[PDB]
Protein chains: 2
Amino acid sequence: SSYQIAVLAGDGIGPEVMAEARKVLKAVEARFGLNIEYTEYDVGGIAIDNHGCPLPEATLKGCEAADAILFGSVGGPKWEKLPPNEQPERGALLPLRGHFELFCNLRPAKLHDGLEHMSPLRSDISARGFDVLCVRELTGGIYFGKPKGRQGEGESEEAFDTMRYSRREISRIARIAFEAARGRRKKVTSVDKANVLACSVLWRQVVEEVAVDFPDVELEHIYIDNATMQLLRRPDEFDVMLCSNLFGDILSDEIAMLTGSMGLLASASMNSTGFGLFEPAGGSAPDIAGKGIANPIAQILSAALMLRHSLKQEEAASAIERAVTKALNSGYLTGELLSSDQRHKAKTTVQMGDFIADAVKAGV
Amino acid sequence: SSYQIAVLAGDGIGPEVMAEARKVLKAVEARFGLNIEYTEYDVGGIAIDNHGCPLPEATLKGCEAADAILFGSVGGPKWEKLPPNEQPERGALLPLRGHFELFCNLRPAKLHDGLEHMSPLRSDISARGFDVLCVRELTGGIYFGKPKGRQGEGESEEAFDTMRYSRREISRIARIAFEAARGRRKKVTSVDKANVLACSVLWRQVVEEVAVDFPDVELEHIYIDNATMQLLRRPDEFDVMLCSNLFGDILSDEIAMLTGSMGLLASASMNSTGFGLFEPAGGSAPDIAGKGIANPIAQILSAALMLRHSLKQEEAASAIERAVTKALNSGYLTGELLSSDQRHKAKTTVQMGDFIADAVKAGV
Ligand SMILES: CC(C)[C@H](C(=O)O)[C@@H](O)C(=O)O
Ligand SMILES: CC(C)[C@H](C(=O)O)[C@@H](O)C(=O)O
Ligand SMILES: [Mg+2]
Ligand SMILES: [Mg+2]
């Protein structure tokens with residue numbers, strides 16, 4: 001039967017990189033005999049312009065009818081004057097995560113062979129490589145906890161946010177981390193602030209409870225402040241990093257920047273039934289939008305993660321991943337991945353998409 | 001009149017680096033005619049061993065009678081089996097900050113001339129230098145907010161922590177940041193998560209209120225996740241970074257590690273009357289304790305900050321800072337500051353203290 005994908009390209013470079021993801025997907029559909037239908041919906045900035053809000057009713061209903069959401073990027077200068085609490089990025093993402101109970105965020109990041117020099121780390125550290133999967137709990141903690149608000153006036157006006165976690169919420173994300181570790185390098189590093197936070201005392205406790213089901217996986221705990229430091233000295237010693245909502249927000253961006261290659265990084269946000277939202281790690285880069293410069297790899301790898309986790313099409317997901325590897329080691333690189341004495345070897349967004357789609361079609 | 005200093009050397013390397021701070025201070029007392037008396041008290045690990053708790057009554061009362069606290073480092077392997085919530089570091093520091101209302105934490109970090117190569121940043125980034133002062137609010141936010149605890153049992157057992165800030169608490173730390181910026185490079189960067197947290201919406205609002213008193217200082221706002229990334233790409237563009245409690249905990253460690261030289265970094269925690277606690281940024285390094293290897297610079301610069309901020313002895317504080325600079329550019333370096341082909345040029349803890357004290361005495 002026909003899978004149904006909701007396509008939410010958003011703002012900035014979203015539509016131009018989404019076009020290349022669709023191109024690649026068409027090559028995969030033909031090679032593997034998949035029947036996939038796509039419907040496009042406004043989200044973010046474009047939705048505010050066209051409908052008055054960043055997540056229109058029609059869009060939300062469209063996602064409810066889909067097997068997965070293939071998401072681009074949202075936001076730009078034009079809407080920053082809106083209060084930070086009505087801007088498009090938060091306005092679209094928090095309710096989507098909340099509505100669909102997308103509790104599990106996966107953010108894989110690795111240094112690719114040959115591109116170590118783009119990392120902002122010292123060259124002897126980046127030479128060692130790294131490959132870290134950040135597992136972030138997405139629907140609990142301080143993002144959605146109540147009470148939240150403010151009271152009082154004048155000097156004594158106060159605001160409050162509540163961080164809350166239940167054993168059940170911790171155990172379900174921890175299990176995901178352990179199962180992932182089992183397929184990787186069998187180490188989970190859980191990140192908390194258990195010397196200060198009641199939530200973190202419970203976090204650490206529950207993670208140790210879950211660990212009894214995985215005697216083959218090594219478990220260590222690290223404080224969030226220390227983790228930001230250790231990622232700079234020994235990123236090669238981490239495998240799976242397991243984080244609460246806010247800690248994962250922070251650490252995943254640190255790790256992404258350590259690659260030096262955010263155009264290569266994708267993200268999956270999923271619920272327990274396998275429905276998810278799949279997006280590039282980076283932003284909407286409105287200043288390069290419309291010029292065919294943007295790197296479509298992150299959006300293409302988003303589609304690969306969607307095939308794998310939501311559609312259960314492992315062979316098709318793998319084929320995309322290998323087509324990307326082929327591009328990277330055949331010199332098909334975009335401008336931001338070249339030292340700028342090389343900048344004239346740069347491929348455009350379309351050339352990248354064509355190459356990758358052709359590779360899939362050729363049986364890579 | 002006689003100043004009174006409470007000396008809390010703590011664990012690990014604390015006592016051996018504290019001895020060098022006292023040595024330097026004796027040279028300063030003679031050169032500037034200061035009358036300072038010191039009383040030593042147990043804190044941390046040693047206090048648990050000798051008194052059953054990390055912050056004995058006698059120690060707390062001793063700090064109440066002092067003009068300032070000169071603090072070493074607390075913690076070590078021996079006490080980690082204690083729950084993270086009874087260990088010495090949290091057990092000593094949170095109640096001290098709480099009791100004395102030490103709302104303002106200053107954590108200056110800079111790359112020193114000639115030591116850029118110790119930074120874990122790529123050499124073209126570290127070559128540009130940086131000098132960032134982290135101002136962290138220390139007594140509010142999620143560290144001390146109520147309610148805090150847990151309820152329920154089994155799968156539905158839940159924990160909670162509450163982040164709370166008042167206009168008054170935000171305005172007082174913001175003013176400190178702006179006044180510091182005014183003496184530095186006239187830029188404050190305020191760090192928040194205003195797209196998610198009610199506290200951060202209020203934070204950003206109050207900081208903009210305070211800014212009207214400082215039309216000469218540039219103000220920008222950045223999200224905490226983005227800040228962790230931008231520190232890796234352009235640390236030279238930041239001057240004063242203004243942070244809430246938890247965000248400052250995280251960012252200040254990231255910045256410290258970017259120096260590559262944590263043995264050079266000191267911290268001040270102060271209340272509005274000028275009483276403070278002054279400590280090295282790093283930990284107690286129990287594995288090198290007792291060998292005369294530890295770098296005493298951080299502890300010596302702690303004493304300089306104490307002279308400046310608590311005792312109002314600017315000339316004496318400055319003299320120490322220049323004696324440290326003299327050591328660094330006369331090849332007086334400890335082992336961790338040398339590439340290990342150079343490791344035999346290393347000076348010991350005592351040699352460093354002697355050199356620095358002699359320099360102060362010679363009128364540096
Ligand atoms: C836009 C914002 C609400 C979001 C988050 O904080 O989760 C973003 O920073 C992220 O990492 O996806
Ligand atoms: C020991 C711990 C409570 C403390 C904090 O979180 O403030 C420490 O990490 C720090 O940075 O001083
Ligand atoms: Mg983020
Ligand atoms: Mg800390």
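What counts as what
- Residues numbered from 1 in each chain as written, not as in the entry; some residues may be left out.
- Chains lettered and ligands numbered in written order.
- Heavy atoms only, no water.
- UniProt positions renumbered as here; feature names shortened; annotations may be inferred.
- Helix = DSSP H or I, 4+ residues; strand = E, 2+ residues; numbered from the N terminus.
- Contact = heavy atoms within 4.5 Å.
- Buried area = accessible area lost by both parts, 1.4 Å probe.
- Salt bridge = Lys/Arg side-chain N within 4 Å of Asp/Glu carboxyl O.
- Polar contact = N/O pair within 3.5 Å; in protein donor to acceptor, adjacent residues only side chain to side chain.
- Least-squares fit on C-alpha atoms.
- Core = buried A, V, L, I, M, F, W, Y, C linked by side-chain atoms within 4.5 Å.
- Buried < 20%, exposed > 50% of the residue type's maximum accessible area, 1.4 Å probe, protein only.
- Near = heavy atom within 4 Å.
- Areas by Shrake-Rupley, 256 points an atom, 1.4 Å probe, with all protein chains shown as cover.
- Nonpolar A, V, L, I, M, F, W, Y, C, P; charged D, E, K, R; others polar.
- Donors = N, O, S within 2.8 Å, 3.2 Å for Na, K, Ca; no water.
- Pairing = 2+ DSSP bridges.
- Axes fitted to C-alpha atoms, helices over the stretch in contact; angles between N-to-C directions.

- Per the PDB entry, chain A goes by 3-isopropylmalate dehydrogenase and derives from Shewanella oneidensis MR-1.
- Per UniProt, the comment on chain A under Catalytic activity is "(2R,3S)-3-isopropylmalate + NAD(+) = 4-methyl-2-oxopentanoate + CO2 + NADH".

## Brief notes about the UniProt feature "binding site: substrate" in chain A
Residues and elements named next belong to chain A.
Thinking step 1. Mapped onto this structure's residue numbering, the UniProt feature "binding site: substrate" falls at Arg97, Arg107, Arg136 and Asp225. What stands out for the annotated residues spanning 129 residues is how far apart their C-alpha atoms range, the widest pair being 26.7 Å apart.
Thinking step 2. Mapped onto the elements of the fold, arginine 97 is located in helix α4 (residues 88–100).
Thinking step 3. With near-sequence residues (within four places) excluded, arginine 97 lies in contact with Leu102, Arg107, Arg136, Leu138 and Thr139.
Thinking step 4. Position of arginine 107 among the secondary structure elements: in strand β4 (residues 104–110).
Thinking step 5. Setting aside chain neighbours within four positions, we find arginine 107 in contact with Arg97, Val132, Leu133, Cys134, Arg136, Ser252, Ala266 and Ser267.

## Considering the interface of chain B and chain A
Thinking step 1. Taken together, the contact pairs 62 residues of chain B with 62 residues of chain A.
Thinking step 2. For the pair chain B and chain A, the summed buried surface comes to about 5300 Å²; carbon and sulfur atoms form 58% of the total.
Thinking step 3. In this assembly, chain B and chain A are joined by six salt bridges.
Thinking step 4. The salt bridge involving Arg164(A) is made with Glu158(B); its shortest N-O contact spans 2.6 Å.
Thinking step 5. At the junction of chain B with chain A, the criterion picks out 34 residue pairs in polar contact.
Thinking step 6. Taken together, the elements giving at least two residues each to the side of chain B that touches chain A come down to α4 (88–100), β6 (149–151), β7 (158–166), α6 (167–182), α7 (198–210), α8 (224–233) and α9 (245–259) of chain B.

## Comments concerning the relation of the copies chain B and chain A
Thinking step 1. Here chain B sits on chain A after a turn of 180 degrees about the axis and a move of 0.0 Å along it, with an RMSD of 0.0 Å. The operation mapping one copy onto its partner corresponds to a two-fold rotation axis. Across chain B, the rotation axis passes nearest the C-alpha of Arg122(B), at a separation of 1.9 Å.
Thinking step 2. A symmetric contact is evident, with 100% of the interface residues of chain B recurring at the interface of chain A.

## A look at the nonpolar core
Thinking step 1. Formed by 206 residues in total, the largest nonpolar core has its most connected members in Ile356(A) and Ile356(B).
Thinking step 2. Among residues more than four places away in sequence, those in contact with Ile356(A) are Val24(A), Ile297(A), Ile300(A), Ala323(A), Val324(A) and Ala327(A).

## Quick look at the site of ligand 2
Thinking step 1. Taken together, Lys193(A), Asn195(A), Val196(A), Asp225(A), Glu89(B), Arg97(B), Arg107(B), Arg136(B), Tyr143(B) and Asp249(B) are the residues near ligand 2.
Thinking step 2. Within the side chain of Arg97(B), one N or O atom sits 2.7 Å away from an oxygen atom of ligand 2.
Thinking step 3. Residue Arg136(B) places a side-chain N or O atom 2.7 Å away from an oxygen atom belonging to ligand 2.
Thinking step 4. A total of 330 Å² of accessible area belongs to ligand 2 in isolation, and the protein chains cover 93% of it.
Thinking step 5. Tallied by class, residues from the shell around ligand 2 come to two nonpolar, one polar and seven charged.

## Observations regarding the coordination of the magnesium ion (ligand 3)
Thinking step 1. On the protein side, the magnesium ion (ligand 3) has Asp249(A) (OD) and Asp225(B) (OD) as donor atoms, found 2.0 Å from it. Remark: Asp225(B) occurs in helix α8 and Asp249(A) occurs in helix α9 (residues 245–259); the pair is interchain, linking two chains.
Thinking step 2. Overall, the relative accessible area of 5% leaves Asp249(A) in the buried class.
Thinking step 3. Relative accessible area serves as the criterion here: at 12%, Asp225(B) is assigned to the buried category.

## Looking at the environment of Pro54(B)
Residues and elements named next belong to chain B.
Thinking step 1. Here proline 54 is to be found in the loop between α2 (45–51) and α3 (57–64).
Thinking step 2. Separated by 270 residues in the primary sequence, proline 54 and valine 324 place their C-alpha atoms 32 Å from one another.
Thinking step 3. Filtering out sequence-adjacent residues up to four positions away, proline 54 remains in contact with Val43, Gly44, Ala47, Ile48, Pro88, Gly91 and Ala92.

## Some words on the sheet that holds strand β3 (residues 68–73) of chain B
Residues and elements named next belong to chain B.
Thinking step 1. In space, the 10 strands of this open sheet follow the order β2-β1-β3-β12-β11-β4-β5-β10-β8-β9, with mixed pairing throughout. Each end of this open sheet is capped by a strand with a single partner; those strands are β2 (36–40) and β9 (218–223). On average, each strand axis in the sheet is tilted by 20 degrees relative to the strand beside it, whichever way the strands run.
Thinking step 2. Alignment of strand β4 (residues 104–110) against strand β5 (residues 131–137), held across seven bridges, turns out to be antiparallel.

## Considerations on the UniProt feature "binding site: Mg(2+)" in chain A
Thinking step 1. Under the UniProt annotation, "binding site: Mg(2+)" lies at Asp225(A), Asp249(A) and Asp253(A). What stands out for the annotated residues spanning 29 residues is how close their C-alpha atoms remain, the widest pair being 14.4 Å apart.
Thinking step 2. In this fold, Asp253(A) is placed in helix α9.
Thinking step 3. In this view, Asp253(A) contacts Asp225(B), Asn226(B), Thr228(B) and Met229(B); residues no more than four positions away in its chain are not counted.

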